[PDB]
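Enquirer: next one to model:
(4 chains)
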Amino acid sequence: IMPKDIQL
Amino acid sequence: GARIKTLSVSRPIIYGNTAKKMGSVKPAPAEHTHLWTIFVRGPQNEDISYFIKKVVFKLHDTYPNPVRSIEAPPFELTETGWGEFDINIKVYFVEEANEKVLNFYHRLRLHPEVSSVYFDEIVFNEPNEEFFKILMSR
Amino acid sequence: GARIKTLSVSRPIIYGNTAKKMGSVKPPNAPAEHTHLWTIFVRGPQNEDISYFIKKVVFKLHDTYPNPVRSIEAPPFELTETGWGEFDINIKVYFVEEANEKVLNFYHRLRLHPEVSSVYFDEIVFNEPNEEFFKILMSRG
Amino acid sequence: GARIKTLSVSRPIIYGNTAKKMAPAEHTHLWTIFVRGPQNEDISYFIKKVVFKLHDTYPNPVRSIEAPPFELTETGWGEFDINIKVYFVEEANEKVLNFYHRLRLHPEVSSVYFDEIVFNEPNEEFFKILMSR
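Expert: Numbering: from 1, shown residues only, chains lettered A, B, ... in the order given. Below you will find the coordinate block:
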C-alpha cells in the first residue's frame, strides 16, 4: 500500500 | 594528453510539480482542496520531444486510471487532489535511441503557490550513431 | 388514516449487458485473445431519457483493460468493448447537480456465455430529496 | 484372397510450428503454430475447427481457430507443449482428435510433422465427404 496524506 | 573514453552525451531537463490552493469555486470531487500540475520540460521550455517520445506518470491508486500516458508535448498533467504522494515517472525515448525506459519519481508537494522543481540533466552513455545524430540535431 | 413519513421518490431503471461471440471480423485494435463483443449499459424503460436526473455513468472494468475507468458523460449511458472472460463491472451513477446526492454505487457480472444477455429492471429510490430535485424528478423527462 | 475388414480412410496432414528471433519485453521470438494439408490444399472440408491451448501465462490460452488457415501467430520466449484439438465437421459424428506439439524456438527455426489422420468406421455420409477430395 502506497502512502498518501495531506502532507508527507 | 589524449585518451579513449566511453561516449557520453547530456541533455538538460526540468521536472517536478506546481500546486495551488483552490478558491471559492471548484472545478471535480468536493473532497479535493488543491490544483496541481506535474511536468517534464526543457530549459526555456524548448522542445524535448525530439529525443523524448512519451512520458508516463503513475499516480496514487486512489486516482481513476492512475497510469497517465502523455504521448505529446507538453509532457505534463494537471489534476485536483487533497493529499501528497509519490508520482512514478517513466520517460520513453524515441525509437531511434533503442534505450530502456528512464525510471524515477517525484514527491508531489502541495504545502510549503507551492512548487517543487528540479533542474538536472539526462546522461546518455554509449548512444548509437543514429541517436547521436538526433541528440546533436539540437 | 394519515401520517407523516419520510419523502421517497422512485425512478425505474434498466441495467446490465449484452454479448455475442465474434465471427471472422474483429474490430481494429482488438487483442486476438478476445472472443466476444459486449455492451454494458444503464437506460430507462422503453429507452426513454434518463439524463434529466442522471449526469453521468462510470463503468470500472477489470485492470487487465487499458484505462479501466470508462466515464460516459452523455446518453446513451453505455460502453461497448471486446473480451474473453466474465468479471464484475463496477457501476457508478452520478446524479445531476441539483440532487446534491452521493454517487450511487453498484456492480454487474458480465455475462458472455449461455446473443447472450443479463439485464435487470429495478428502480432507484431517492429518500429525502430536496425540493428542486423533486421538481426535476416530477418533470417526467 | 479376400476378407471382410473394418473400414479405414486416411487423410494426410501437416502440423507444427515455425519461429524467428524478433508485446512484453520478455518475449524474444515470433512463432506461428499450424495444421494444414499437403501442398497447402484445403482441409476444412473434413476439419471444422482447430483449438490450440497455449501456456497458462498467455491471456485466454484456449485459442479457437474456426476457419482456415488453421493457425495462430504469437510472441514468446520459452518452449512449451501446445495442446492441439482437431474438431471434424458435424457429418463425421466424431470425437475430438487430441494431440500436442513441442514449440521449437531455438535451433528461422521450424518443427514440422507430416503424418496422417486415420478414420476407422466412418459413416456413409462422412465417407462421401472424405472421397470428395
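
Enquirer: and residue B:96, that's in a strand?
Expert: No: Residue B:96 is assigned helix when assessed by DSSP: H, G, I helix; E, B strand; the rest coil, not a strand.

Enquirer: tell me the secondary structure at residue B:88.
Expert: From three-state DSSP, the assignment for residue B:88 is strand.

Enquirer: who does it form a beta bridge with?
Expert: Beta bridges link residue B:88 to residue B:58, residue B:105 when assigned by DSSP bridges.

Enquirer: ok, it - contacts?
Expert: B:57-58, B:103, B:105 (Cβ atoms under 8 Å, 6 or more residues apart in numbering or on different chains). Every residue, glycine included, has its C-beta placed from N, CA and C.

Enquirer: and the two most separated of those?
Expert: Farthest apart among the contacts of residue B:88 by Cβ to Cβ are B:57 and B:103. That separation is 12.0 Å.

Enquirer: sorry, back to before: emit the ChimeraX select command for whichever of the contacts of residue B:88 are buried.
Expert: In ChimeraX syntax, the buried subset of these is picked out as below (16 or more other Cβ atoms under 10 Å in any protein chain shown):
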select /B:57,58
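
Enquirer: and the end-to-end length of stretch B:101-114?
Expert: End-to-end distance of stretch B:101-114 (Cα to Cα, to the nearest Å): 29 Å.

Enquirer: give the buried residues for it.
Expert: For stretch B:101-114, using 16+ other Cβ under 10 Å, the buried residues are B:106, B:108-110.

Enquirer: could you list which of the residues you listed belong to strands?
Expert: Judged by DSSP state E, those include residue B:106 as members of strands.

Enquirer: can you add distance to chain A and give the buried residues of stretch B:101-114 back as JSON lines?
Expert: JSON lines is the format used below for the buried residues of stretch B:101-114 (distance: Cβ to the nearest Cβ, whole Å):
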{"residue": "B:106", "distance to chain A": "12"}
{"residue": "B:108", "distance to chain A": "8"}
{"residue": "B:109", "distance to chain A": "9"}
{"residue": "B:110", "distance to chain A": "7"}
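
Enquirer: count of residues packed around residue 7?
Expert: Here I'm looking at chain A. For residue A:7, the count of nearby residues is 9 (other Cβ atoms under 10 Å in any protein chain shown).

Enquirer: looking at chain B here, not the other one
Expert: By the criterion of other Cβ under 10 Å, residue B:7 has 12 neighbours.

Enquirer: which residues of chain B lie near chain A?
Expert: Contacts of chain B with chain A, taken as Cβ under 8 Å from any Cβ of the partner chain, map to B:60-62, B:82-86, B:107, B:110-111.

Enquirer: circling back: which neighbours do residue B:57 and residue B:103 have in common?
Expert: B:88-89.

Enquirer: next one: the residue nearest the centre of chain A from chain D, what distance?
Expert: With distances taken as Cα atoms, centre = their mean, the residue of chain A nearest its centroid is residue A:4 (1.9 Å). Here the criterion is Cβ to the nearest Cβ, to the nearest Å. By it, residue A:4 lies 29 Å from chain D.

Enquirer: where's the closest residue to residue B:42 other than its chain neighbours, which helix or strand?
Expert: Sequence neighbours aside, residue B:48 is the residue nearest to residue B:42 in space, at 4.3 Å (criterion: Cβ to Cβ, 6 or more residues apart in numbering or on different chains). Secondary structure from DSSP states H and E places residue B:48 outside every helix and strand.

Enquirer: residue B:48 reaches residue B:73, doesn't it?
Expert: Yes: using Cβ atoms under 8 Å, residue B:48 makes contact with residue B:73 at a distance of 7.2 Å.

Enquirer: show me which of those two is the more surrounded one.
Expert: Shown here are residue B:48 and residue B:73; by other Cβ under 10 Å, residue B:48 has more neighbours (21 against 17).

Enquirer: for chain D, what's the nearest residue on chain B?
Expert: Chain D sits closest to residue B:100 of chain B, with a gap of 8.8 Å, by Cβ to the nearest Cβ.

Enquirer: ugh, typo on my part, it should be chain A
Expert: Nearest residue of chain A to chain D: residue A:2, at 23.9 Å (Cβ to the nearest Cβ).

Enquirer: list the contacts of that residue.
Expert: The neighbours of residue A:2, taking Cβ under 8 Å, 6+ apart as the test, are B:60-61, B:85-86.

Enquirer: OK, contacts around the closest residue to chain B within chain A?
Expert: Proximity of chain A to chain B (Cβ to the nearest Cβ) peaks at residue A:4, 4.1 Å away. Contacts here follow Cβ under 8 Å, 6+ apart; on that basis residue A:4 touches B:60, B:62, B:83-85.

Enquirer: now that we have those, which one has the most neighbours?
Expert: Going by other Cβ under 10 Å, residue B:84 tops those with 23 neighbours.

Enquirer: against residue B:105, how distant is the residue lying closest to residue B:28 once chain neighbours are set aside?
Expert: Excluding the flanking residues, the one nearest residue B:28 by Cβ to Cβ, 6+ apart is residue B:80, at 5.2 Å. As judged by Cβ to Cβ, to the nearest Å, residue B:80 and residue B:105 stand 21 Å apart.

Enquirer: report how many residues lie close to residue B:116.
Expert: 17.

Enquirer: what's the spacing between it and chain A?
Expert: Taking Cβ to the nearest Cβ, one finds residue B:116 at 12 Å from chain A.

Enquirer: I'm done for today, thanks for sticking with me.
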